[PDB]
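Chains as they are written, first to last, in full-length UniProt numbering: chain V, 1 to 107; chain B, 1 to 70; chain C, 1 to 95; chain F, 2 to 98.
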Amino acid sequence: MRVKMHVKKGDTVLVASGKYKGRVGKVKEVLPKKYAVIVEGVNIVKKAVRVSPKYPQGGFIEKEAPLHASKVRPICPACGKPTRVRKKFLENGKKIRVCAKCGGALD
Amino acid sequence: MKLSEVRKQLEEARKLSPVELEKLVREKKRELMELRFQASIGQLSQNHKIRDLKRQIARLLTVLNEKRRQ
Amino acid sequence: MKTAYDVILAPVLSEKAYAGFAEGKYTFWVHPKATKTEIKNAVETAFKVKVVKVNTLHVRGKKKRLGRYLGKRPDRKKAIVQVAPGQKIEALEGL
Amino acid sequence: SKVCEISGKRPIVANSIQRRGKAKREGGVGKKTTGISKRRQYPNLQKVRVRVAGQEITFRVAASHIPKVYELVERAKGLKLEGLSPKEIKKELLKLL
RNA sequence: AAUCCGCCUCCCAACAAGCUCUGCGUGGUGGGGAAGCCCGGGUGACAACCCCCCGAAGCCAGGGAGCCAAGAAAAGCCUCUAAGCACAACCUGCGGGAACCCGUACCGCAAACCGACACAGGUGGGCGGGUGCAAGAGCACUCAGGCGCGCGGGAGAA
RNA sequence: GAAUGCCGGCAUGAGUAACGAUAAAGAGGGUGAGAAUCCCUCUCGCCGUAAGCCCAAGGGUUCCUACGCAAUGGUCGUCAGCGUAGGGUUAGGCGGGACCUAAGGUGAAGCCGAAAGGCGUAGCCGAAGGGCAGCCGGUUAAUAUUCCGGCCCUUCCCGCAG
RNA sequence: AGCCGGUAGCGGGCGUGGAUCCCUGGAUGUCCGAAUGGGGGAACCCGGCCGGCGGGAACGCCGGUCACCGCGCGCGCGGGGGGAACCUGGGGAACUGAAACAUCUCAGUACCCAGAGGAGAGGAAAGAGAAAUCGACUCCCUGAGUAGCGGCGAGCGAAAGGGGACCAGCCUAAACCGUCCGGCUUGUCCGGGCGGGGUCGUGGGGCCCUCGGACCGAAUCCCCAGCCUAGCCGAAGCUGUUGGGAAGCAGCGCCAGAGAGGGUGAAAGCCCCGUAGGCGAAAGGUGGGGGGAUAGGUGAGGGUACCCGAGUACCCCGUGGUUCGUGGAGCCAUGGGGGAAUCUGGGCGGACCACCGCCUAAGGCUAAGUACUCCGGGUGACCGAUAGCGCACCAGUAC
Ligand SMILES: [Mg+2]
Ligand SMILES: [Mg+2]
Ligand SMILES: [Mg+2]
Ligand SMILES: [Mg+2]
Ligand SMILES: [Mg+2]
Ligand SMILES: [Mg+2]
Ligand SMILES: [Mg+2]
Ligand SMILES: [Mg+2]
Ligand SMILES: [Mg+2]
Ligand SMILES: [Mg+2]
Ligand SMILES: [Mg+2]
Ligand SMILES: [Mg+2]
Ligand SMILES: [Mg+2]
Ligand SMILES: [Mg+2]
Ligand SMILES: [Mg+2]
Ligand SMILES: [Mg+2]
Ligand SMILES: [Mg+2]
Ligand SMILES: [Mg+2]
Ligand SMILES: [Mg+2]
Ligand SMILES: [Mg+2]
Ligand SMILES: [Mg+2]
Ligand SMILES: [Mg+2]
Ligand SMILES: [Mg+2]
Ligand SMILES: [Mg+2]
Ligand SMILES: [Mg+2]
Ligand SMILES: [Mg+2]
Ligand SMILES: [Mg+2]
Ligand SMILES: [Mg+2]
Ligand SMILES: [Mg+2]
Ligand SMILES: [Mg+2]
Ligand SMILES: [Mg+2]
Ligand SMILES: [Mg+2]
Ligand SMILES: [Mg+2]
Ligand SMILES: [Mg+2]
Ligand SMILES: [Mg+2]
Ligand SMILES: [Mg+2]
Ligand SMILES: [Mg+2]
Ligand SMILES: [Mg+2]
Ligand SMILES: [Mg+2]
Ligand SMILES: [Mg+2]
Ligand SMILES: [Mg+2]
Ligand SMILES: [Mg+2]
Ligand SMILES: [Mg+2]
Ligand SMILES: [Mg+2]
Ligand SMILES: [Mg+2]
Ligand SMILES: [Mg+2]
Ligand SMILES: [Mg+2]
Ligand SMILES: [Mg+2]
Ligand SMILES: [Mg+2]
Ligand SMILES: [Mg+2]
Ligand SMILES: [Mg+2]
Ligand SMILES: [Mg+2]
Ligand SMILES: [Mg+2]
Ligand SMILES: [Mg+2]
Ligand SMILES: [Mg+2]
Ligand SMILES: [Mg+2]
Ligand SMILES: [Mg+2]
Ligand SMILES: [Mg+2]
Ligand SMILES: [Mg+2]
Ligand SMILES: [Mg+2]
Ligand SMILES: [Mg+2]
Ligand SMILES: [Mg+2]
Ligand SMILES: [Mg+2]
Ligand SMILES: [Mg+2]
Ligand SMILES: [Mg+2]
Ligand SMILES: [Mg+2]
Ligand SMILES: [Mg+2]
Ligand SMILES: [Mg+2]
Ligand SMILES: [Mg+2]
Ligand SMILES: [Mg+2]
Ligand SMILES: [Mg+2]
Ligand SMILES: [Mg+2]
Ligand SMILES: [Mg+2]
Ligand SMILES: [Mg+2]
Ligand SMILES: [Mg+2]
Ligand SMILES: [Mg+2]
Ligand SMILES: [Mg+2]
Ligand SMILES: [Mg+2]
Ligand SMILES: [Mg+2]
Ligand SMILES: [Mg+2]
Ligand SMILES: [Mg+2]
Ligand SMILES: [Mg+2]
Ligand SMILES: [Mg+2]
Ligand SMILES: [Mg+2]
Ligand SMILES: [Mg+2]
Ligand SMILES: [Mg+2]
Ligand SMILES: [Mg+2]
Ligand SMILES: [Mg+2]
Ligand SMILES: [Mg+2]
Ligand SMILES: [Mg+2]
Ligand SMILES: [Mg+2]
Ligand SMILES: [Mg+2]
Ligand SMILES: [Mg+2]
Ligand SMILES: [Mg+2]
Ligand SMILES: [Mg+2]
Ligand SMILES: [Mg+2]
Ligand SMILES: [Mg+2]
Ligand SMILES: [Mg+2]
Ligand SMILES: [Mg+2]
Ligand SMILES: [Mg+2]
Ligand SMILES: [Mg+2]
Ligand SMILES: [Mg+2]
Ligand SMILES: [Mg+2]
Ligand SMILES: [Mg+2]
Ligand SMILES: [Mg+2]
Ligand SMILES: [Mg+2]
Ligand SMILES: [Mg+2]
Ligand SMILES: [Mg+2]
Ligand SMILES: [Mg+2]
Ligand SMILES: [Mg+2]
Ligand SMILES: [Mg+2]
Ligand SMILES: [Mg+2]
Ligand SMILES: [Mg+2]
Ligand SMILES: [Mg+2]
Ligand SMILES: [Mg+2]
Ligand SMILES: [Mg+2]
Ligand SMILES: [Mg+2]
Ligand SMILES: [Mg+2]
Ligand SMILES: [Mg+2]
Ligand SMILES: [Mg+2]
Ligand SMILES: [Mg+2]
Ligand SMILES: [Mg+2]
Ligand SMILES: [Mg+2]
Ligand SMILES: [Mg+2]
Ligand SMILES: [Mg+2]
Ligand SMILES: [Mg+2]
Ligand SMILES: [Mg+2]
Ligand SMILES: [Mg+2]
Ligand SMILES: [Mg+2]
Ligand SMILES: [Mg+2]
Ligand SMILES: [Mg+2]
Ligand SMILES: [Mg+2]
Ligand SMILES: [Mg+2]
Ligand SMILES: [Mg+2]
Ligand SMILES: [Mg+2]
Ligand SMILES: [Mg+2]
Ligand SMILES: [Mg+2]
Ligand SMILES: [Mg+2]
Ligand SMILES: [Mg+2]
Ligand SMILES: [Mg+2]
Ligand SMILES: [Mg+2]
Ligand SMILES: [Mg+2]
Ligand SMILES: [Mg+2]
Ligand SMILES: [Mg+2]
Ligand SMILES: [Mg+2]
Ligand SMILES: [Mg+2]
Ligand SMILES: [Mg+2]
Ligand SMILES: [Mg+2]
Ligand SMILES: [Mg+2]
Ligand SMILES: [Mg+2]
Ligand SMILES: [Mg+2]
Ligand SMILES: [Mg+2]
Ligand SMILES: [Mg+2]
Ligand SMILES: [Mg+2]
Ligand SMILES: [Mg+2]
Ligand SMILES: [Mg+2]
Ligand SMILES: [Mg+2]
Ligand SMILES: [Mg+2]
Ligand SMILES: [Mg+2]
Ligand SMILES: [Mg+2]
Ligand SMILES: [Mg+2]
Ligand SMILES: [Mg+2]
Ligand SMILES: [Mg+2]
Ligand SMILES: [Mg+2]
Ligand SMILES: [Mg+2]
Ligand SMILES: [Mg+2]
Ligand SMILES: [Mg+2]
Ligand SMILES: [Mg+2]
Ligand SMILES: [Mg+2]
Ligand SMILES: [Mg+2]
Ligand SMILES: [Mg+2]
Ligand SMILES: [Mg+2]
Ligand SMILES: [Mg+2]
Ligand SMILES: [Mg+2]
Ligand SMILES: [Mg+2]
Ligand SMILES: [Mg+2]
Ligand SMILES: [Mg+2]
Ligand SMILES: [Mg+2]
Ligand SMILES: [Mg+2]
Ligand SMILES: [Mg+2]
Ligand SMILES: [Mg+2]
Ligand SMILES: [Mg+2]
Ligand SMILES: [Mg+2]
Ligand SMILES: [Mg+2]
Ligand SMILES: [Mg+2]
Ligand SMILES: [Mg+2]
Ligand SMILES: [Mg+2]
Ligand SMILES: [Mg+2]
Ligand SMILES: [Mg+2]
Ligand SMILES: [Mg+2]
Ligand SMILES: [Mg+2]
Ligand SMILES: [Mg+2]
Ligand SMILES: [Mg+2]
Ligand SMILES: [Mg+2]
Ligand SMILES: [Mg+2]
Ligand SMILES: [Mg+2]
Ligand SMILES: [Mg+2]
Ligand SMILES: [Mg+2]
Ligand SMILES: [Zn+2]
């Protein structure tokens, strides 16, 4: 019915694997189809661009590359630690993500 | 058209009589043709508007249908 | 519901259609199944004019391809309406 | 050569069996079948015209059920049939079967 | 049913006419209009637009004669009357209004159709000019128009 | 490892036969990275009861123009019926339908047949036959008895008059 | 919490005031197609009537309606066509086999046609067949390659019984009573509807005497549990090191009703999707289970001899079916001819007769157990692009 994204634009996440393991950043964009997320300042690559109206002088730009969604773990705004997400039911009774190490909400 | 604007159209429309709904559609179908003409001469940068009217006309006609069904 | 705005679709934009404005002959793309008599009433209620003469012709879509995929454009029908002496459909005078 | 309107008798398929030789019961060596082929046995259909309620009704019926036609005419007496078409009458009679 | 048609009798007319329909001619009016010259067009040009002859297989036509093998139908059309209706209705003249759907490009004896091919094959109807040769749709040359056939350059054996 | 096996790939013959009517070519100028082959001029040849023109089949955008040359073109290609794009087919009178019938087809009535189905007067359908009112010129890169110009005509509705 | 399909781009919008998306219901649904106003070379053409639109009478458009056939007192309901196999019925080959061929085989198969459905068929003994017996039907195992059939060749091939699966039995016709209608040969008349009545093989029923006067219960309907059509919750890991990348190796842990499996930059129980275990429907579909109504169902002697399904049984002729090929050839079925009876009636137990037994023909319905796989899911000592479906790819396409 829909791809399961445990992370969303734009909570704070740790990149736990790959070249950029350790880095922390906000999730700029989420791509459910590719099952990947763009993390700010992470996965930087050099793309070559034709000299154009858009890019006079030309040369290369820098682009944030998508990361496989599994490589990313949200940082809890309460305890400040990388975590798994849990689902919790309120009295509304809406459901919200809450951190797994402590109990804090994650929006 | 915005979600809230859609709720509002349906509310106001459901208050009209069939005769008014017919008349209102005839106007929007006209306003649509105008959009089509500006589309062809390359003077319609807000092209989403063409879709909107078409679906407004649909919604209106859908409601007109509701009325006639009793 | 059926209105005149359902019968008149778009104006024909071309050197040949423009050349008719001078003698009051306006060329529109109409719905392919639409009748001369029906087109008369339609142009009139849309552009508040008086139609005197209607000419129609069918325009078969051009066969066109995109690589592996051969296809065809939609068949069209255009009409050239004649407005009563001295009248003007201003939307088209445009140009 | 068709179907009986009363009895529903239809043409059936039977074999025509050609034989040679002397029967065992007559001291013969036995009977030999020298040929079998399919054939059809038709009901003995015949025409039966009867005047019923001033109209002429005709039946295509096997000879076996010819008197069943007249029985139906007798039982038609308790009916209001006059005014109807002959096509209509026949339907009434056959309904009484 | 019938005043129509058919049949019988009579009167007038008859290779006359009349009446009617078509062809051709004229016809108010509108059109076109060459060679050559100059860059499809401009000019020629106020273009001229006339006389004679040949003359169809085409038209008048549903004409005529002969022959035997004896040569569609139905509607439009005219006439008759029946139900009906005769304030209707139809005819004639005139006026205003109304007049829909599809095809229409291009090839069409062919490189665009049928032959797997831009294939020396096949494909129905009409037009098909001039001169000479007895005639002609024959033949030779030529008008208008269209072409030189989608590999070439050499050499000069068998 | 063989089945003149099956499917594919690549060889050989071989730079060989052939390049599709023996109507035929020659030069100059132009274009372009490239020209025997595209454009223009002059000269030469071929068709002319056609190898010209106009319809109908059939084909279905091949028509016109712009920009292109990988492949298609039996060579070449700047060219093309090829690639991309844009444009182009205008009718009361032309052809067909809202008219008629032909063979035949279908088929109320009716007849027949194991089933499916086969017949069948009427009627209906069925045309390149009957019927029916447009001729000359002008105009577009490309349509014209279709648009325009002139001069004519047909039916239907309604009204007036006789 | 993103979205405006594959599909990016140009150019523009939507979304926690809950979008995209997923399920359910509804609305719209040009033209053709059973195609059904009429025609037709399917997707086109042309009409009648009512209503509406245009200036609208001609013309055109919009809405509605108009085929034919069956059954029922013009009007109603139904029919028409389609579906991969499966199923019944109506017709029905040949190659081949017999090491030739005709009977026979292949085979009542292939195929054609009609029809039925989610199954169809069959089904409540005029049975079986020897048991002093069984007890509707269907389907499996077995009986059995038996009994037999057979140019006694090639070959063909049962049933009873036993073990199992499932389980269920019903409504009528007739006699007699009543009622409506019509017929003319006027009535204790004949006939046609409808209602009552009745449904059996220890024979049953009717009618006339006699005594006796609440239990069952649906295959129908109503409610409901359960299920299907979207989904949701779901334990436990950090660090070092090599490397582009850790899930590798190393150090120290942790979960487990979850160590199926697939991902993640390589080889991860603890990163992700999942897994064990749980939860979930407003709407539509189902509902064989649970509950409740309804229809329906129920005595005993004695007398009466009224009734118990007709061109039928029965006999003969021609054939089919059965293991049965004319054989001693019965049984079941029926094209032709003849042609009864109503329980003292009739069929059957393999010619026929006797005896002894069995059974109730000529009307109808009936779940489940059974067959199939277009569709959905699960699983493979199944394939892995010459394989596996003809197609992993825009294939019943190009050609
Ligand atoms: Mg790591
Ligand atoms: Mg680190
Ligand atoms: Mg919406
Ligand atoms: Mg609509
Ligand atoms: Mg122009
Ligand atoms: Mg209209
Ligand atoms: Mg008007
Ligand atoms: Mg047209
Ligand atoms: Mg036209
Ligand atoms: Mg399309
Ligand atoms: Mg015989
Ligand atoms: Mg014997
Ligand atoms: Mg003996
Ligand atoms: Mg024998
Ligand atoms: Mg006979
Ligand atoms: Mg007789
Ligand atoms: Mg008999
Ligand atoms: Mg008899
Ligand atoms: Mg008479
Ligand atoms: Mg007289
Ligand atoms: Mg007279
Ligand atoms: Mg004249
Ligand atoms: Mg003249
Ligand atoms: Mg004259
Ligand atoms: Mg002049
Ligand atoms: Mg001139
Ligand atoms: Mg000149
Ligand atoms: Mg001048
Ligand atoms: Mg001068
Ligand atoms: Mg002069
Ligand atoms: Mg001649
Ligand atoms: Mg003559
Ligand atoms: Mg005739
Ligand atoms: Mg006629
Ligand atoms: Mg009268
Ligand atoms: Mg019409
Ligand atoms: Mg044309
Ligand atoms: Mg032309
Ligand atoms: Mg031509
Ligand atoms: Mg030729
Ligand atoms: Mg010709
Ligand atoms: Mg030519
Ligand atoms: Mg050509
Ligand atoms: Mg050939
Ligand atoms: Mg060819
Ligand atoms: Mg061929
Ligand atoms: Mg070709
Ligand atoms: Mg050539
Ligand atoms: Mg040729
Ligand atoms: Mg010829
Ligand atoms: Mg000549
Ligand atoms: Mg001489
Ligand atoms: Mg001469
Ligand atoms: Mg000569
Ligand atoms: Mg000569
Ligand atoms: Mg000759
Ligand atoms: Mg010649
Ligand atoms: Mg010669
Ligand atoms: Mg020349
Ligand atoms: Mg040449
Ligand atoms: Mg050549
Ligand atoms: Mg050449
Ligand atoms: Mg070997
Ligand atoms: Mg070979
Ligand atoms: Mg070989
Ligand atoms: Mg060899
Ligand atoms: Mg091979
Ligand atoms: Mg080999
Ligand atoms: Mg090979
Ligand atoms: Mg050699
Ligand atoms: Mg050689
Ligand atoms: Mg050579
Ligand atoms: Mg050659
Ligand atoms: Mg040559
Ligand atoms: Mg020669
Ligand atoms: Mg040159
Ligand atoms: Mg040069
Ligand atoms: Mg060249
Ligand atoms: Mg070159
Ligand atoms: Mg000549
Ligand atoms: Mg054509
Ligand atoms: Mg072709
Ligand atoms: Mg093309
Ligand atoms: Mg053209
Ligand atoms: Mg072109
Ligand atoms: Mg060019
Ligand atoms: Mg090329
Ligand atoms: Mg080239
Ligand atoms: Mg090249
Ligand atoms: Mg080539
Ligand atoms: Mg080439
Ligand atoms: Mg070639
Ligand atoms: Mg060209
Ligand atoms: Mg082109
Ligand atoms: Mg252009
Ligand atoms: Mg005209
Ligand atoms: Mg009409
Ligand atoms: Mg017609
Ligand atoms: Mg006709
Ligand atoms: Mg027929
Ligand atoms: Mg009939
Ligand atoms: Mg006929
Ligand atoms: Mg007619
Ligand atoms: Mg006709
Ligand atoms: Mg005709
Ligand atoms: Mg004609
Ligand atoms: Mg005409
Ligand atoms: Mg006509
Ligand atoms: Mg004229
Ligand atoms: Mg032309
Ligand atoms: Mg004109
Ligand atoms: Mg008058
Ligand atoms: Mg898109
Ligand atoms: Mg953008
Ligand atoms: Mg965007
Ligand atoms: Mg909600
Ligand atoms: Mg839906
Ligand atoms: Mg429409
Ligand atoms: Mg139809
Ligand atoms: Mg209609
Ligand atoms: Mg029809
Ligand atoms: Mg009306
Ligand atoms: Mg009107
Ligand atoms: Mg209508
Ligand atoms: Mg059927
Ligand atoms: Mg059916
Ligand atoms: Mg059968
Ligand atoms: Mg049958
Ligand atoms: Mg046969
Ligand atoms: Mg055989
Ligand atoms: Mg075999
Ligand atoms: Mg065999
Ligand atoms: Mg054998
Ligand atoms: Mg044999
Ligand atoms: Mg043999
Ligand atoms: Mg033999
Ligand atoms: Mg057999
Ligand atoms: Mg069968
Ligand atoms: Mg069926
Ligand atoms: Mg069943
Ligand atoms: Mg089942
Ligand atoms: Mg029973
Ligand atoms: Mg045994
Ligand atoms: Mg033996
Ligand atoms: Mg057998
Ligand atoms: Mg058994
Ligand atoms: Mg048993
Ligand atoms: Mg079971
Ligand atoms: Mg039982
Ligand atoms: Mg009475
Ligand atoms: Mg009675
Ligand atoms: Mg009675
Ligand atoms: Mg009675
Ligand atoms: Mg008794
Ligand atoms: Mg029941
Ligand atoms: Mg979860
Ligand atoms: Mg987890
Ligand atoms: Mg490192
Ligand atoms: Mg690590
Ligand atoms: Mg470890
Ligand atoms: Mg497990
Ligand atoms: Mg695992
Ligand atoms: Mg795994
Ligand atoms: Mg491992
Ligand atoms: Mg492993
Ligand atoms: Mg794993
Ligand atoms: Mg579970
Ligand atoms: Mg679960
Ligand atoms: Mg008793
Ligand atoms: Mg008795
Ligand atoms: Mg009985
Ligand atoms: Mg009976
Ligand atoms: Mg017997
Ligand atoms: Mg017998
Ligand atoms: Mg037999
Ligand atoms: Mg037998
Ligand atoms: Mg024997
Ligand atoms: Mg026997
Ligand atoms: Mg018998
Ligand atoms: Mg019999
Ligand atoms: Mg007895
Ligand atoms: Mg007896
Ligand atoms: Mg018996
Ligand atoms: Mg016996
Ligand atoms: Mg027995
Ligand atoms: Mg006995
Ligand atoms: Mg028995
Ligand atoms: Mg049950
Ligand atoms: Mg069952
Ligand atoms: Mg199953
Ligand atoms: Mg499956
Ligand atoms: Mg494998
Ligand atoms: Mg594998
Ligand atoms: Mg492959
Ligand atoms: Mg394959
Ligand atoms: Mg491979
Ligand atoms: Mg597949
Ligand atoms: Mg393939
Ligand atoms: Zn926390």
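We put the beta carbon where it would ideally sit given N, CA and C, even for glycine.
Would residue i pass as a contact of residue j if the rule is Cβ separation under 8 Å?
i	j	result
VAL3 (chain V)	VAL72 (chain V)	no
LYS10 (chain F)	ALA63 (chain F)	yes
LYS69 (chain F)	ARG61 (chain F)	no
Quick check on DSSP: helix, strand or coil for residue i?
i	result
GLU83 (chain F)	coil
Just the C-alpha distance for residue i and residue j, rounded to the nearest angstrom, thanks.
i	j	result
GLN57 (chain V)	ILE44 (chain V)	21 Å
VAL43 (chain C)	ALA10 (chain C)	12 Å
Kindly list the residues whose CB is nearer than 7 Å to the CB of residue i, restricted to its own chain and excluding five residues on each side of it in sequence; keep chain order.
i	result
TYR43 (chain F)	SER2 and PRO12
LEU95 (chain C)	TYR18
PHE21 (chain C)	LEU92 and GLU93
Can you name, in chain order, every residue of its own chain whose Cβ lies under 6 Å from the Cβ of residue i, other than the five neighbours on each side?
i	result
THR45 (chain C)	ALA4
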